[PDB]
Each structure stands twice: as structure tokens, then as C-alpha cells.
């Protein structure tokens, strides 16, 4: 992998807190990290009320308004914001030549499961209400947001709502018990994501609910009828087998799944695309995948 990869890994390793951070710290820490990736001048951000869910359109000059990605940010269902993921959003908007709706969905522990799913489905329904065609739509998201993407599809389907053309999951989190093999074996090679912090955020999101609640942990959801699914995952991730198990399950349910394991990549490496080549390569692929399914 690139020298940029080894640099980011060592920097993350070196700056990892020596004790468990609070929700307040993680929130403000991610917000800070996020500000090191500045927003290019041609990016257009427009705040909007997505059917009672706050959000922002992210557009670049290339964008085709008729193509829309509903983007669901990661951060354990506990952290993240429009501002933490706007860079990733604009790269996708750029690569897929689309508009991206980045929503500030409700977060745990203030708003536990299923508040997140309530918001994502509402935002999706709002998109149809305002005239977006599912044939030119997609849902995408990273990690917790990658899990939320699957959950949202399942929920919409079960509600009889027309599903989008395609969907994309980046390092998705779908096992809230962390019993995948790579949680034990790949633990350490991932500078982020350890079991203990993971399960703590699971606890907050669940607020007592069964950790295999299907819409919370979509590894246990019924995936039949889902549209073409691109899953990008790094092979140095503790969440690798979240993607492996998701692909297995989705394909057994007749979903056209594409599992893309990027060698040596770390959790949501695409977030580092500003300086990580593979990050930008992966996003270019996202755009390619989406444009294929929109024609």
C-alpha cells in the first residue's frame, strides 16, 4: 500500500487515547480530525429540512440534480455530523456526478435505536415526496451508517416503499456483539475500532434491546429484494468479517452483492482520500458502481 497509509496508521496509533473517551470527547475529537480535511472551493452545501430530519445537499458543478445519494454517516450511532462527513459526501457527489443528501440523523444515547432508522426512512420518503425517482437514487453510508443503509432498505421494503437503484456500504457495522473472527485476529492492525469501544456504542444505541434486533444489527435482517449492493472493506479492519458475513447473507438472499476487499486498508479509509491514494481510488469506484446502476 501507499506510504500515505503507513503514515496515517502510525499517526492514529500514536494519538489513540490512553483511556476510554466519553461521548462528548469522541464527538469533539472526530469534529476536530474532520477539520483537517478542508472543503474544496467548488463544493456547494445547502442546508435543508428533510421531512423533519435536518440535512444538507452536497453538490459540485459536475453534479446531475436528477441523481441522488442519501448518505448516512458513521460514528457508532453515537457520533458524527453533517460536518464530519461532508468531505466524503462531496467526493462521492463528484465521483458519481450526483447530489448527496447528508442527514443529521438522531444519535444515541440521547436518541437510541430505532431513532436513526426512523430518520433515514423519513428522509428517503421525503426524497420521493419532493420528486426524486428511485431508479436514479441510492443509499450509502460508512460503518454504523453502512449498517444503517441495510436497515433502511429492509425497513423501506417492509413498508412497501419503492427501493432505490443501488446501495453502498463502506466498512459497515452490522454485528453489534462483535463475534466476527477479524475482531479477534485482525485486532491491532486496525488503529481504530476495537471490540470494547465497539460494544460500548452498541450498548448506547440499543438501550437494553436485543443486540440481534434486525433493524439494529442487519446481519440478522431479512435481506431478500434488496437492490445491487457494493460493499468496500479493508483487509486490516476488525470489522472485515462484518462485510464478509453481510455479503454471504445478502447473496444467499438473492441480492446482487459486490464485495470489494482492499488489501491492507483500514477502517473507512475513504475518509482519508485527501491524502490517501487508495481512499480516492475507492471513491472513484463508488461513483463508477453508482453510475452503472443509474443508466
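Residue numbers count along the first chain shown, from 1.
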property	result
Given 17-25 and 267-275, the range whose Cα B-factors average higher in the PDB entry	17-25
Average Cα temperature factor in the PDB entry - higher stretch of 132-140, 113-121	132-140
Candidate residues 256, 238, 232, 35, the one whose C-alpha B factor the record puts highest	35
224, 186, 157, 73, ranked by C-alpha B-factor: the highest one	186
Within-chain third of residue 208 by Cα B-factor, per the entry	middle
Residue 214 by Cα B-factor - lowest, middle or highest third of the modelled chain	lowest
Cα B factor band for residue 194 (lowest, middle or highest third within the chain)	highest
Ranked against its chain, the third holding the CA B-factor of residue 201	highest
Ranked C-alpha temperature factor of residue 245 among modelled chain residues, by third	lowest
